[PDB]
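Report on one structure; see the data block that follows.
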Amino acid sequence: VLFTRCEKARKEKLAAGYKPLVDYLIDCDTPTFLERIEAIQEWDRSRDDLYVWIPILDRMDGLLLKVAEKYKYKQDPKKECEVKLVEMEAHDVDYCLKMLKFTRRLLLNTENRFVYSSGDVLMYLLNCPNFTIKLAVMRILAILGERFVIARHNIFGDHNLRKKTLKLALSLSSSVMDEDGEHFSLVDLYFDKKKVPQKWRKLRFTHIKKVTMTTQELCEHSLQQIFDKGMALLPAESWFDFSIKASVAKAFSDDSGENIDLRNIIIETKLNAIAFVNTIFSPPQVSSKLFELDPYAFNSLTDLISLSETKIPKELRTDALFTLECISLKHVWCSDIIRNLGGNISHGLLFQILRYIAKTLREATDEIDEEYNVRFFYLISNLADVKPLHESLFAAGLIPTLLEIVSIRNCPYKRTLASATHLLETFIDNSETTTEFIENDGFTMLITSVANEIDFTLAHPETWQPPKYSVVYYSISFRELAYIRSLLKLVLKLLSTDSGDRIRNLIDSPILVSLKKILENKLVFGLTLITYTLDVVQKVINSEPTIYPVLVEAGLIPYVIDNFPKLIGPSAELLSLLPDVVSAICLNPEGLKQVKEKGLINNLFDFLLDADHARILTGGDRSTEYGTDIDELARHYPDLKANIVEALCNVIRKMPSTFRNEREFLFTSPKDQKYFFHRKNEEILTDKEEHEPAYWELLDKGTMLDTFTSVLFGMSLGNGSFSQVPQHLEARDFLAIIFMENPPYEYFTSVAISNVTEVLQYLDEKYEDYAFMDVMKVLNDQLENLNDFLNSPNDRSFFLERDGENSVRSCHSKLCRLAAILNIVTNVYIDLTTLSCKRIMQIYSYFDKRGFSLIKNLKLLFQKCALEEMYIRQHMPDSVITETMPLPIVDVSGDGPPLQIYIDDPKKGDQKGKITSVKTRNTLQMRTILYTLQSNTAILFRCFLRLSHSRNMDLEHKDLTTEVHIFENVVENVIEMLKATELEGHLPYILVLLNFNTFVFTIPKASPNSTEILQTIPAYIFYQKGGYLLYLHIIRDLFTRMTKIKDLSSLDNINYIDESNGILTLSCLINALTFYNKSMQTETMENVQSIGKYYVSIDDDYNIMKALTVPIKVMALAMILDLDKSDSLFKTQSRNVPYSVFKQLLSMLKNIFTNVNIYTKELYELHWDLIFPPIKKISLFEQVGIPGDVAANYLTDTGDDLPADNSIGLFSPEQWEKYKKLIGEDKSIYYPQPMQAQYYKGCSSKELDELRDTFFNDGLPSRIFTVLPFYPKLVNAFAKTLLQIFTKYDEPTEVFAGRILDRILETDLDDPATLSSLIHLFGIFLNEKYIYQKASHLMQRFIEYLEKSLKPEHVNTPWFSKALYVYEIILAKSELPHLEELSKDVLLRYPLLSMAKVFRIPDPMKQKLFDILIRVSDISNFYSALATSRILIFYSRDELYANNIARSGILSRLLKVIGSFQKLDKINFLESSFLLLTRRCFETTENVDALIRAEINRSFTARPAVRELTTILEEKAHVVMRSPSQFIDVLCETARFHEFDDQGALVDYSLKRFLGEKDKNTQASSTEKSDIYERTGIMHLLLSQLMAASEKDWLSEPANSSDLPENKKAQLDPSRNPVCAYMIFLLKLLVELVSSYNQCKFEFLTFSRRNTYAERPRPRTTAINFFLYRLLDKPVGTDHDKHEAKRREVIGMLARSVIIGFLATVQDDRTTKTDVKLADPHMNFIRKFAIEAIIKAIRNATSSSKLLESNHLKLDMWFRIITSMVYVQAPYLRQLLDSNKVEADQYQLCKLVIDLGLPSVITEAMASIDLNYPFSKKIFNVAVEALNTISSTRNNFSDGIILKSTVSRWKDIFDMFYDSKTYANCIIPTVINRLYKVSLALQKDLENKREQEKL
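Under the authors' numbering, the residues of the sequence shown are numbered 2 to 153, 159 to 213, 236 to 1532, 1539 to 1872, 2220 to 2276, in order.
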């Protein structure tokens, strides 16, 4: 029963209505219980909820779950031993059917049926030999399935049940064959026309097996005998089937006087099973599994349901009819149902039944199956949803026929007449149906019947049969109240049509006076009839206001107005019309005047003071839309805004008197009378109640307020009648309904505190001075009443100290109010995202006037609520702690105040709902309140410390002296909290405090990630008061605590803060050293202005943010040095410091040694009373003889000059001589004094420089090699810190690099880890340009070392990767374009620039290392493979090196690594590196050249003389870097460059395309015999790996996931199967290679598992066949493995793309020659060979239809391939091949298919398909789809898978290696050195000269 808290509260109150009902059924022995159950039968009331019946269901479920065990029918899904076939005892059936027969009568007359939970005993009961039990259990299952299909528990997936249902449906067949008849349909059973076929009359059952019990063996054995005999033979897995079949045979065995009864039961069960199957199963699944086996279902169903037949069983009629009500729920079956019934003709069966229904109703001969009629109407109303069927029934005479029923007079069968009237309402939607109803005098009989019913009902009060077991407001039989409700609800739907006519028909009728009889008798007709009666009155006035006088004469409106309060009751639909009923009465000015008088607006709000009425309205959408309608009633009639307000206020002013102390929320435990635990080892009194207590929505107030604040939230939208409430309502009166005096613990979570924060946020933007100062006074006064909780001992829990008293109850109640107040405050008024200027001024005024008493209390609240969540967790068993963890609260996302100290990994999942108790609820209520009292108390302090600095406003002197005065009081309180407790025993508290300090003192990250910037001025005051001297004494105390821990290694692998002293002692040491590194980085610090802003009596005006760092570093560095003194670090090899604590101590040094351009000598204390116009002086002047504002000017002009020794121009003699007596001899006080030294002797920049020197000269950088080997996890930090140190103390870093290298050249290789770290550091240093230029000698020596030391056998050591990393750093630079120098005075002026030099490795060294790296062996290290790939991508730039790489076999060894580490996350990088290296192994000078040319010319177009060269070489950097020589060469044969400059130097670098310039000299080439030659062998390896990965399970889901099995991953993750990821990678690689490079195809074409040599290798087809047949040959298919289907489709798309890419033509220089349609014989040869296989594949798949059944899924793809081929479009493709070139692809591929003869090879496949095979539908459909495309294309001519084109991969390489697009600029001299003398000079001088020479 997963309900919302509101729905649960509504239903728990609704269930209180059926207390007499439950008590009447649950207070009986048991024989009586069944006796009462068997007397319910017919409902005389509305459809009850199932929730209120649940207790009866449980008493019944238990009774069944005990009789199930009696016969062992109880099954255990997992054990297929099956329950032994044992016929249930006769008497014991009645006991089991009196209950299962009532579960139908209950589940039909009940809604919210989804709460049913007994669908487990049903499975256990289904495995029962007896069918009657099975009949009932299947009827109930069918009803439950109907409910489910209508709704769009878990048992709808249980495959065992699915099979039981499928077999019971495929029970005795509907009709098969008889020698003297067509098929003996089931209906024939009851006609003595055909005799039952003898096949049914005997038994023959299989499981290899065959058991037969021919008749005369089924006629003597009793059912139990047969059931046992068979099971003895057959396995238990097939006992159910034997039971069903033997029962069928024995039932048909003889035409006895009883056997027929059992046949009836079996057929009924079959029908109900069909219905259930139709519900759970999918339509295609239902057709394939159920109808395929039995296609005669419908043809039989539509024969049984015929009331005219008096021989068919009355129960079979309903069951067959019920099956159709389920089947029709899917529109696909509706058409056939109507066709079978005859719903298209007017004389069919569907209309012959309707006439018999009327015949019976017109005579009442006890042959009226009112359930039959009702369900027939449901069937028709389901068939009527299919618009084609709606029209078919309309034209067949539905309405003319249905109008013969509802026109019956004085009928007593109102169950059928009410359903017919609802069917009529549903049917009539068009104008055709409406005008056909009206035309046949339909609307005149409707209103005549309504009046007749109403008139009779009132006159005959002896026919009233109201319910006696529900709470209702009528006195008439529900039958009559429903018939009238149906007539009225159709009278309403017929009024939205041409109401001008319908309203005139109403007037000339007795309807109007018969409606005043409904209104003048409400206790008779109830409220659902008054809701429909008042809806006509309001819908009749709003469409014809001229009728208002008539409605007044009849006396309706006069009665509506004079009895309005009498007409309101707890009915949701009634209450949603009252605003619309007043908006119609008000259309008449006299009506409006009467509404103003008589208080018809006071009645639209007064009902909200009643819990019963508020609960019905809910408090959600219906409640809000009742407010937005009141506002409309104010708009249309602005004359009522004076009454909607005088009523609203009178409601808000009266609620506080309706509040009562209903419940108590804290309960003492029964045993000890203590609310809370008192030890970690108490005994838990487990209960079965709800773990989370809910009291709000179950209260008379939680509904009243939840509804009222929803009305208010609706009415707040836009200005209206609510906007004027403040002008009439005091703020206090509005805050007496929100801040109740005893709310529950969940009040601040309610919707009354989520709507009233939208009402108060709307009264804020407008009335900014209305509530604020009152909300704050309420806060301050509530916190002032907790003067005994806040001001209590800090060494014990205030609550535990008085457990069992009332103060525990009378204090938690105060904190519950304080929790809603603070949630209001921090959500409405003080929000860092909403702080406006006026809000800030309001805060300043509040603190000026009321005083700083609120902050001294907010500190005490956070301090005591953190001491009570620690003293209480030190007395609670760990299970309780993980149960009562309060974080999972609405809205709140943690991420801030009080840190949660878990006991179990939160990332694991949930842990609540495994234990409960009185105590486990009394502490979940406490720890939840305590959590928001601290969470909201920390957001308040964050805002109290930002204030103006958020808006950056300009402030006055009194508006600054206060801000710096709030900052001074929030910080002296943050310190008082830290200075109070002691770490010993309160560590969990010091961890909350140190996260609170780091939260208040930081601003949110103003970016998606960003970081928490520091609040500089609060931090400055913090230091001023000694806030960092405290963090030192905390850190020198948490460092001896971290040094006496044993297992410091485990701490480095934690991801959840536990309550272990170990981890706690570490967490405080990172939340301190982190706050201490944040106040030292000018990037994490807020850039406040200079000190002069505040003081003027200073010496040096410094930037406060910059000047604060120095004092901080002078202490941090001193503490560090002291630490090194005490044998802790930079010494010892035992790693005395965890990884994270050392990460901070290293960023503490990069900052300690960063220099900020400011030399501070002394820092002045920031004091609010000493800011300029010093108040400490101005206030004193005020004390005697105020020079008001003149004193201000006096100090402003004298520059803060204290009147020296006499009154001069002011200070009258009496004013003086007093200023003398005052002004004590301490003139210092009135000036900003300098800060004192902290920790160190002097915290000035001089001392910072003097300590950094001492640290520097102690050779700690020379002591760095003594630590580095042990902390390899962080060497970049070790580098940045060291580089910063050296930069600060300018020193040649090259010297330190040499020192590192010398260590390497003497480090034994037996130290892999020291060598790894050392090489990583060396590589990191070389990565900086300012040191690279000075390391040529170092890099040469490194190359040497590598050559002499490195051996291929080291590939698996962890230092190999770093050695290759440094080598790559050297290489990338070494392979930059060879810089050329300007020559022969190229001029151009503008001195070029010249770029930095680059170390150039001697060529032999490259070769000697390459010959070492290609020779490596099997790699078991991911990082070795990654580094080798990155290095080899460089050598592959040269074809000669790529040849060696490919022939080496290195690629196989890398693919092995790729395959092995397919689960490792970073496998993507290795995948990409391998892809790039392989792509580079196929690229050749020719292909390169072609693409290089195609790139530059495409740059020259742009399509926005042009193209400044400095852009081409900065946008095509990858293009140049692939082959700079070729780029230069091609660039010189065009782009001959313009703008020679006036003198001819060359001013700018813009180039001219110069198409044809330099002539068109060109060479020729033929290719062939090279691609044919190539046989690189890479494709052999890739295909071998894929063809080997196919065998392994690339479909099976891996073992399991443990946290998101039914979550996250679900099927979302298709790469979990390790082989699939390997397969996916290989397939993507294959697509890219086969679609990019021509040589790749010839390898795919001639692939062969045995790599035998054959010049011009034979074009084998092993690969193509593998892709077509074998690759997707994994049978599986069965079951419903979502993951397997996903993987199959993914591989299908990838394989299809592979073939299309294999058939496409590679993009090349021939871009604009797309016009050419010549083709290529080789490309042709590829396509003929490929298609000719698919043809040859189809002509095998087709013949021998036997074969077709197997190759029926392969044929579904071979046809899709044909579609993609001729529509040149495949999944995941089209990123690679030019769109210009796919004109011949489609065209030529078509032309080929036509020529090949494959518009007809498809047809011959269709001409050989026995259509009986179900898949034929699919095969035929796609086969046409391919033909459609082929013809379509012919006419014109008369997911996480990223694939990228070749050049895009060059870009990838460039991105990985060169981190600068500038580098390509290096060749600029070359082009300048090249064409210019012979290009620019020549062309230009000639061009301008010849044209000039022309004239």
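Just so you know, even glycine gets a beta-carbon here, dropped at the ideal spot from N, CA and C.
For residue 673, the enclosing alpha helix (DSSP H) stretches over residues 669-680.
The Cβ neighbour count for residue 114, taken over all protein chains shown within 10 Å, is at least 16; the residue is labelled buried. Assigned with DSSP and collapsed to three states, residue 89 falls in coil, not helix or strand.
Note that the C-beta distance between residue 371 and residue 378 is below 8 Å. One alpha carbon belongs to residue 798, the other to residue 759, and they sit about 6 Å apart. In the DSSP assignment, the residues bridged to residue 187 are 184. Per DSSP, residue 353 is one residue of the alpha helix (DSSP H) stretching across 342-355. Here residue 1196 is buried. Its C-beta has 16 or more other C-beta atoms within 10 Å. In the DSSP annotation of this structure, residue 2259 is not part of any alpha helix (DSSP H), being labelled neither H nor E. For residue 1299, the three-state secondary structure derived from DSSP is coil. The residue among 38, 12, 299 with its C-alpha nearest the C-alpha of residue 138 is 299.
Close CB contacts of residue 273 within its chain, under the 6 Å cut and outside five residues either way in sequence, are with 211 (chain order).
Under the three-state reduction of DSSP, residue 768 is assigned to coil, being neither helix nor strand. Separation of the CB atoms of residue 1775 and residue 1787 is rounded to 10 Å, and the pair is thereby denied contact status at 8 Å. Ranked by Cα distance from residue 1222, the options 1212, 1206, 632, 1233 are led by 1206. DSSP, reduced to helix, strand and coil, places residue 1748 within a helical segment of the structure shown. For residue 1426, the CB contacts under 6 Å within the same chain, skipping 5 residues up- and downstream, are 1401, 1404 in chain order. Scanning 1744, 1669, 2231, 1692 for the CA closest to the CA of residue 1730 turns up 1669.
In the DSSP annotation of this structure, residue 414 is not part of any beta strand (DSSP E), being labelled neither H nor E. In the assembly as shown, residue 1570 is a buried residue. Its beta-carbon has 16 or more other beta-carbons within 10 Å.
The segment 1474-1487 and the segment 1432-1449 touch, with three or more beta-carbon pairs separated by less than 8 Å. By a beta-carbon distance limit of 8 Å, residue 671 does not contact residue 729. Their separation comes to about 26 Å. The C-alpha of residue 1599 lies about 33 Å from the C-alpha of residue 1584. If you check the CB distance, residue 1855 and residue 1745 do not come in under 8 Å.
Fully contained in the segment 960-1032 are the following alpha helix (DSSP H) runs of length 4 or more, in chain order: 976-979, 986-989, 991-1008, 1015-1028.
Setting aside the 5 residues that flank it on each side, residue 61 is surrounded in the same chain by 100, each with a C-beta closer than 6 Å to its C-beta; the list follows chain order. Residue 112 is bridged by DSSP to 50. Cα atoms of residue 1332 and residue 1286: separation of roughly 23 Å, rounded to the nearest angstrom.
Segment contact: the segment 805-813 against the segment 918-930, fewer than three CB-CB distances shorter than 8 Å; contact not assigned. Non-local C-beta neighbours of residue 1706 in its own chain, meaning closer than 8 Å and more than five positions away in sequence, comprise 1722, 1725, 1726, 1729, 1787, 1788, 1791, ordered along the chain.
By the C-beta criterion, the segment 897-915 is judged to be in contact with the segment 823-840, since at least 3 inter-stretch pairs fall below 8 Å.
Taking C-beta separations shorter than 8 Å and ignoring five residues to either side along the sequence, the partners of residue 446 in its chain run 507, 510, 511, 513, 514, following chain order. Residue state for residue 735 is assigned as helix, using DSSP reduced to three classes.
Close CB contacts of residue 1347 within its chain, under the 7 Å cut and outside five residues either way in sequence, are with 1332, 1387, 1390, 1391, 1394 (chain order).
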